[PDB]
Structure formats: structure tokens, C-alpha cells
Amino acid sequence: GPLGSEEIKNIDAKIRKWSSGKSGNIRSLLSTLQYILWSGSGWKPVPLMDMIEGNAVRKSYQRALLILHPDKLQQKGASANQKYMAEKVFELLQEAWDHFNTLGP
């Protein structure tokens, strides 16, 4: 159910399994979003070879923002649990974006 404890803990666990060994790495997260997002989020898969140069990374990041940004989800009428899942994924994406723009991989 919306914000149900068992559902939320299950979402937590899926996000942990998905993000493991990817945290801080923007390409690792972007290249695998299709494995964590729900159906018809709008995400199109993007292989590592399409996110090599800086502007390609930035473009793919923009696309992820436009899906996962809490304001966009609210505006798209997402469910409470969708918003919860997105907030966790979006936190990971932001942390990785900041690393990309300074240290890289």
C-alpha cells in the first residue's frame, strides 16, 4: 500500500542491491537505470558507449533529472511509493553528478 512498511523496506532493499558498487559513479547508475525504474517511467536505456564524452554524460543526466526530479514526479502524478523510490535514486544520482563534475572515475 502507499508508504506501507513492508513495501517501503522492499524498495529500500532493491535500491541497495541495485546501487551496490555503483555509488558515486554517474555512468554506472545512468547505464543501469532500466533495472531500477518502473515501467513507462520514460527512461530509454543508454549503453556505456553512448555516455563517453562529457556532453553525452550531461545529456543522459538531464534525461534522468526530468524523470526523477521530485517536482517532475509530482507534476506527472506519481504514486507515494514511486516518489519514495525516486527520492532514493535521485539522491544517488546527485552525489554521482557532483563527483563526475570534479573527480570523474
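Quick note: we count residues from 1 along the sequence shown, nothing fancier.
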### Message
When the Cα temperature factors in the entry are averaged, is it 25 to 33 or 72 to 80 that ends up higher?
### Response
72 to 80
### Query
For the stretches 50 to 58 and 34 to 42, which has the higher mean C-alpha B-factor as given in the deposited record?
34 to 42
### Message
Looking at the temperature factor on the CA atom of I8, which third of the chain's modelled residues does it land in?
### Response
lowest
### Third assignment of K88 from its chain's C-alpha B-factors
lowest
